[PDB]
Structures are given as C-alpha cells and as structure tokens.
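Each residue of the sequence shown is one higher than the one before, counting from 90 in UniProt numbering.
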Amino acid sequence: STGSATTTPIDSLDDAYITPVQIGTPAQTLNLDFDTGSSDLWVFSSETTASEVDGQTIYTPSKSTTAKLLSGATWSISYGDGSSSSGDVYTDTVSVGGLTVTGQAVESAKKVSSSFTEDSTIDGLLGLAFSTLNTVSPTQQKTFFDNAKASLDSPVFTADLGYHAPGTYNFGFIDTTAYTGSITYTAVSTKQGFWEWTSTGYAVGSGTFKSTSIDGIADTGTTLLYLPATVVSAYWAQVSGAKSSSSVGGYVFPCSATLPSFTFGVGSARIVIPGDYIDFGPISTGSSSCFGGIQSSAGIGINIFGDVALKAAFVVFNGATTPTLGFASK
Ligand SMILES: NCc1ccc(C(F)(F)F)cc1
Ligand SMILES: NCc1ccc(C(F)(F)F)cc1
C-alpha cells in the first residue's frame, strides 16, 4: 500500500510545513509538522494545559473509540532550538493520505514550551527519524514510518517541499514524474539516530566547486541550512554589506542585495539552491536588514540540511535494511 499527502508552508517565509493527519475513530484531523530530525508523534490534546493552547486543534482521546491509554508510559522531548514538551501516551489509529497504521503511539502533550503555543498553525509533530530516538519511557515506541514499513509497497518515503508553494510527502513509492534527471543515492549512518549523510562539497554562485566532506543530517523539521563556519563565511563574503550580527544571532545582509546561489554535492551530483531561497526577509517589520537562510553550525555541534536545502531537491528517504538518501533535481 501507499500514501500521499500535500504539505503547505505555514507562512510567507516557509518557516515550517504542515500536513493533515487523521487520528482516531471517527477521524480527528490535525495539521502536523513532519520532522525527519525527531522520532516522536506528539499532539496538542484535551490534556494540554489550557493556558498553553492558543488556537491549535486538539486531539481528544475520549472521543475516539480506538484510543487506548498506554498505562504508565510517559514522554519528554527537548529540541535543538530549546523547544520542549511532555505528557502521556495513547495508542490509536493514524492515517496519512490514505495510509493507515493501527496501534500507533500518539503522545498527548500535557505541557508545551512557549514557542509551540505561539505557533497556532502547528498542531504537533510527526517524527520520521529512526525509532532509537523516541522518548517514550519505559517502553520505547516506533515511528509512523517504522510501523507502516511492512505494509508499504516499498520501504521509502519522499519529501518534495515547495518554495512559497505546497508540496508532497509520499509513502511507499517514488513518483518518477516529480524530478528531472536521475536520483543520486548516498549512504546514511544511523549511529546517532538521524538521517546522517556526507556531502561531497560546495560552491558559491558561479565559483569553483570545493571538494570537501561535510557530514550533516537531512532534517525537514529545521528551517535553515546550518553549515561549518568556514563554508558560511565563504558564502557571505560574496554579499556586499553582509555581516554576522551578535544581537541578531546570525548573518544579516542589506535587503537590497541580490543573493548568489549555493551548490552542495551529493556524490558526483550537484544540487543548486537558488539565491532567492536564502532570503528570509527583514529582521523586524520595516527594517532594511534581512536575515540569511545559511547560518553557522558552530554553536550546534552538527551540520543541518534543513528546508532551505531540501526544498531545492526531490528527496528519497530509503528505509531499506541498509538505509540510503536519494537526491534529484526538480
Ligand atoms: N528537527 C529536529 C531536530 C532539531 C534539532 C537537532 C539538533 F540541534 F540536535 F541537531 C536535531 C533534530
Ligand atoms: N525541529 C523541531 C521543531 C519544529 C518546529 C518548531 C517550531 F517552529 F514550532 F518552533 C520547533 C522545533
């Protein structure tokens, strides 16, 4: 079997993408952020502290005839940005674009950090990293992808994110009409629980390609591209007036500049990120300083190929017994 769902940017900057997901019987539809950097399916719910909910659709297990409390199970998560949430655990039926999993662990948020409360468009997260990162205690739970794997025609899902436009998450098949050329596959390390791979180098604008190994993770749940200080400095050196700002916490650039593209290597292939994708607009309403979509990973400890990079490609997450990542131009 297969599944297919449209994902939509939450705002005009593509800060995140939401995808409708059906939970419970009868269906309760929540718009979740699909996150290949985490492994917990957690949702706003009728158990979430009332003051911490501001416009989200909530999951109500008491109205679902298939929901079962997972006795004694708890969860607690902390994301690399400082976000966090925690609560208890139900099992229920969960469907994404026609693909149904029974007995999926649904983590009901009792507490959420402020950054979730202020994002009224996001009802929760659907984690798609490897199940070794799931935070359910004392019994670790499987992700939606791991639970569906056996029933999928092919143990893959693909991410086709749009630039200021809707996109598609497909489960169980590769849409050969959705990309140009060939898909280039590259090896993945699962040792940290991420879709971790090694890029073969980079280029700035029309410059020479620099062959160098950049280890990083493919993360649909991170907005920007976080790369080593040396690479990021070489990119912003090509933008007149660009500078790293401590008060802003990143590279900013004059909103009147035009940005060069950024190329990253996948084996012998090249994925080109158009310069417009790197513009994240004014740092404050009315400002003439604009925020850059390529930032240093020095403070983070790992390089992150976030939406900025991934939306420039058709991306295959191949969850075969030896996992691989595929990239194609589109
Ligand atoms: N999108 C989930 C996520 C967020 C942060 C990180 C970090 F910071 F640990 F790399 C990994 C995964
Ligand atoms: N990387 C996971 C993640 C995704 C989204 C958010 C936001 F946007 F809701 F704050 C926080 C953390």
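By construction, the Cβ of each residue, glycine as well, lies at the ideal position given by its N, Cα and C atoms.
If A401 and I360 are in contact, beta carbons under 8 Å, what's the gap, nearest whole angstrom? About 6 Å; that satisfies the 8 Å criterion.
Is it right to say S128 is buried, meaning 16 or more other beta carbons lie within 10 angstroms of its own, or is it exposed? Under this definition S128 is a buried residue.
Can you list the alpha helix (DSSP H) stretches of 4 or more residues lying completely in the stretch 169-224, in chain order? Taking only runs of at least 4 residues, the alpha helix (DSSP H) segments lying wholly in the stretch 169-224 are 203-206.
Cβ shell of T269 (< 8 Å), same chain only, five flanking positions each side left out: The residues are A417, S418 and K419.
Any heavy atom of ligand 2 closer than 7 Å to the beta-carbon of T311? Yes, the Cβ of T311 comes within 7 Å of a heavy atom of ligand 2.
Cβ neighbours of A323 in the same chain (closer than 7 Å, five flanking residues each side left out): Excluding residues within five positions, the ones whose Cβ falls inside 7 Å are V293.
Would the stretch 115-131 and the stretch 217-236 be scored as touching if the rule is three or more Cβ pairs under 8 Å? With a cut-off of 8 Å, the stretch 217-236 and the stretch 115-131 count as touching, because enough Cβ pairs lie within range.
State the beta-bridge partners of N120 as determined by DSSP. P109, per the DSSP bridge assignment.
Can you list, in chain order, the stretches of the beta strand (DSSP E) that have 3 or more residues and sit fully within the stretch 297-345? Counting whole runs of 3 or more residues, the stretch 297-345 contains the beta strand (DSSP E) stretches 299-307, 314-316, 332-334 and 339-343.
Should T309 go down as buried or exposed, given a rule of 16 or more other Cβ atoms within 10 Å for buried? Within 10 angstroms of the beta-carbon of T309 lie 16 or more other beta-carbons, which makes it buried.
Consult DSSP for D235 and reduce its assignment to one of helix, strand or coil. Here DSSP, grouped into helix, strand and coil, assigns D235 to helix.
Go ahead and pull the three-state DSSP assignment for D396. Helix at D396.
Quick check: the stretch 331-338 against the stretch 146-155, are there 3 or more CB pairs under 8 Å? Too few Cβ pairs lie closer than 8 Å, so no.
Drop a sphere of 10 angstroms on the beta-carbon of residue 67, count the other beta-carbons inside from all chains shown, and report buried for 16 or more, exposed for fewer. With the chain represented from 90 up to 419, any question about residue 67 goes unanswered, as that position is not in the structure.
Cβ-based neighbour list, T301, same chain, cut-off 7 Å, excluding 5 preceding and 5 following: Non-local beta-carbon contacts of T301 in its own chain, meaning distances under 7 Å to residues more than five positions away in sequence, involve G290 in chain order.
Short check: CB of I107 to CB of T97, under 8 Å? Yes, the pair counts as a contact, with Cβ atoms nearer than the cut-off.
For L414, report the span of its beta strand (DSSP E) as first-last. It spans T413 to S418 - the beta strand (DSSP E) in which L414 sits, taken as one unbroken run.
Under a three-way DSSP split, which group does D368 fall into? Looking at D368 - three-state DSSP - the assignment turns out to be strand.
Give the C-beta separation of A94 and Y258 to the nearest angstrom, bearing in mind that I take them to be a contact with Cβ-Cβ under 8 Å. About 5 Å separates the beta carbons of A94 and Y258, which is inside the 8 Å limit, making them a contact pair.
Nearest to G370 by CA position, among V245, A156, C344 and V183, is which residue? With distances taken between CA atoms, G370 lies nearest to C344 out of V245, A156, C344 and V183.
Classify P244: buried if its beta carbon has 16 or more other beta carbons within 10 angstroms, exposed otherwise. It is buried - the Cβ of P244 has at least 16 other Cβ atoms within 10 Å.
I'd like to know if the stretch 202-216 and the stretch 382-391 are in contact, where contact means that at least 3 CB-CB pairs between them fall below 8 Å. Judged by pairs of C-beta atoms under 8 Å, the stretch 202-216 does not touch the stretch 382-391, as fewer than three such pairs exist.
Quick check: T275 and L399, are their CB atoms within less than 8 Å of each other? For the pair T275 and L399, the CB atoms are not nearer than the 8 Å cut-off.
I need the boundaries of the beta strand (DSSP E) containing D103, first residue and last residue. For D103, there is no enclosing beta strand (DSSP E), as DSSP marks it with neither H nor E.
Taking the beta strand (DSSP E) that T275 falls in, what are its first and last residues? That run of the beta strand (DSSP E) goes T273 to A276.
Could you give the distance in angstroms between the alpha-carbon of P109 and the alpha-carbon of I166? Looking at the two C-alpha atoms, the distance is approximately 22 Å.
Determine whether the beta carbon atoms of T311 and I391 lie at a separation below 8 Å. Contact: no.
Do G408 and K231 have their CB atoms nearer than 8 Å? Inclusion of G408 and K231 in the CB contact set at 8 Å is not warranted, their separation being larger than that value.
Taking 7 Å as the line, does the beta carbon of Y258 fall inside it for any heavy atom of ligand 1? No - ligand 1 has no heavy atom lying nearer than 7 Å to the Cβ of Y258.
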